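Observations on chain architecture
The chain contents come next:
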Amino acid sequence: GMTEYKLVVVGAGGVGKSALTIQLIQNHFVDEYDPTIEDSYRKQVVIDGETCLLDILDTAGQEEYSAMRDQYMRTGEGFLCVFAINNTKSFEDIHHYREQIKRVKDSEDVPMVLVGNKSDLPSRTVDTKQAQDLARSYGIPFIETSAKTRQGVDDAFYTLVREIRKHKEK
Ligand SMILES: Nc1nc2c(ncn2[C@@H]2O[C@H](COP(=O)(O)OP(=O)(O)O)[C@@H](O)[C@H]2O)c(=O)[nH]1
Ligand SMILES: [Mg+2]
């Protein structure tokens with residue numbers, strides 16, 4: 001089969017994980033989607049000339065059993081850590097997601113991208129400078145997205161793929 005990249009979208013409820021995933025996969029903005037639904041989506045894409053499959057888990061938080069969380073984190077190759085630029089708590093929550101993924105994968109080298117979503121809104125509590133500082137501290141890219149307008153969306157996911165490639169070549 002063509003190469004598959006197993007991506008996982010994490011972040012607080014309300015940041016736009018589902019909207020980002022559906023915009024990536026289907027090229028439409030779904031502005032109401034139950035925050036408690038967790039599902040995987042697939043799309044065949046071309047990234048830097050490589051035809052590949054993205055297998056994307058749109059997470060929704062706690063699981064029936066924590067073992068289910070640990071399972072998807074171990075299976076997942078790269079993580080989109082999403083906050084909303086107008087929600088400081090969601091940004092603070094990134095610290096927890098960063099830690100939890102590393103802790104489960106038992107790794108200090110996990111492909112991730114920091115995503116600040118909802119960039120179409122003028123309302124903002126997290127300045128780009130602050131988000132860049134966090135991404136720098138993690139050694140990962142930072143991308144601002146709007147799932148609403150699709151700005152930055154392919155970049156966020158394709159950049160994550162490129163981070164996975166960097167990890168795999170070691
Ligand atoms: N303006 C704007 N609203 C967004 C964006 N992404 C998501 N939303 C809205 O934010 C809310 C939460 O989005 P959702 O995708 O359900 O977030 P999730 O809980 O992280 O899956 C919904 O009201 C969406 O319409 C965005 O980029 N811009
Ligand atoms: Mg959702």
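Residues numbered from 1 in each chain as written, not as in the entry; some residues may be left out. Chains lettered and ligands numbered in written order. Heavy atoms only, no water.

Looking at the method and resolution fields of the entry, one finds X-ray crystallography and 1.12 Å.

Test applied: UniProt positions are given in the numbering used here, feature names are shortened, and annotations may be inferred rather than shown by experiment.
Looking up the protein in the PDB entry gives the name Isoform 2B of GTPase KRas, with the organism given as Homo sapiens. The title assigned to this entry in its PDB record is "Crystal structure of human KRAS at 1.12 A". A UniProt comment under Function (literature references left out) is attached to the protein, and it reads "Ras proteins bind GDP/GTP and possess intrinsic GTPase activity. Plays an important role in the regulation of cell proliferation. Plays a role in promoting oncogenic events by inducing transcriptional silencing of tumor suppressor genes (TSGs) in colorectal cancer (CRC) cells in a ZNF304-dependent manner."

Observations concerning the site of ligand 1
Filter applied, for reference: We call a residue near a molecule or strand when any one of its heavy atoms sits within 4 Å of it. We define a polar contact as two N or O atoms separated by no more than 3.5 Å, with the added condition that, inside protein, one atom must be a possible hydrogen donor and the other a possible acceptor, whereas residues neighbouring each other in sequence contribute only through side-chain atom pairs. For the area figures, the Shrake-Rupley method with a 1.4 Å probe applies, and any residue is considered shielded solely by the protein chains shown. When residue character is reported, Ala, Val, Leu, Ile, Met, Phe, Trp, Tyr, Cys and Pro are called nonpolar, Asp, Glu, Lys and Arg charged, and the others, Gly included, polar.
Taken together, 18 residues surround ligand 1, and among them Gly14, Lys17, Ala19, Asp31 and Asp120 come closest. A distance of 2.8 Å is found between an oxygen atom of ligand 1 and a backbone nitrogen or oxygen belonging to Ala19. When isolated, ligand 1 has an accessible area of 570 Å², and the protein chains bury 84% of it. By residue class, the composition of the shell around ligand 1 is seven nonpolar, six polar and five charged.

Describing helix α4 (residues 128-138)
Quick note on the threshold: A simple rule labels every residue: compare its accessible area, found with a 1.4 Å probe on the protein chains alone, to the largest value its type can have, and call it buried under 20%, exposed over 50%, or partly exposed in between. A run of H or I in DSSP becomes a helix once it reaches four residues, and a run of E becomes a strand once it reaches two; helices and strands are each numbered from the N terminus. Arc, as used here, means the arc of the directions from the helix axis to the C-beta atoms. Whether two residues touch is decided by their heavy atoms; if any such pair falls within 4.5 Å, the residues are in contact.
The complete set of buried residues in α4 reads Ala131, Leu134, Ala135 and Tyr138. Each buried residue of α4 sits inside an arc of 95° when the element is viewed along its axis, so together they form one side. Opposite its buried face, α4 presents the exposed residues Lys129 and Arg136, each directed more than 90 degrees away. Contacts from the buried residues of α4 go to β4 (78-84), α3 (88-105), β5 (112-117) and β6 (142-144).

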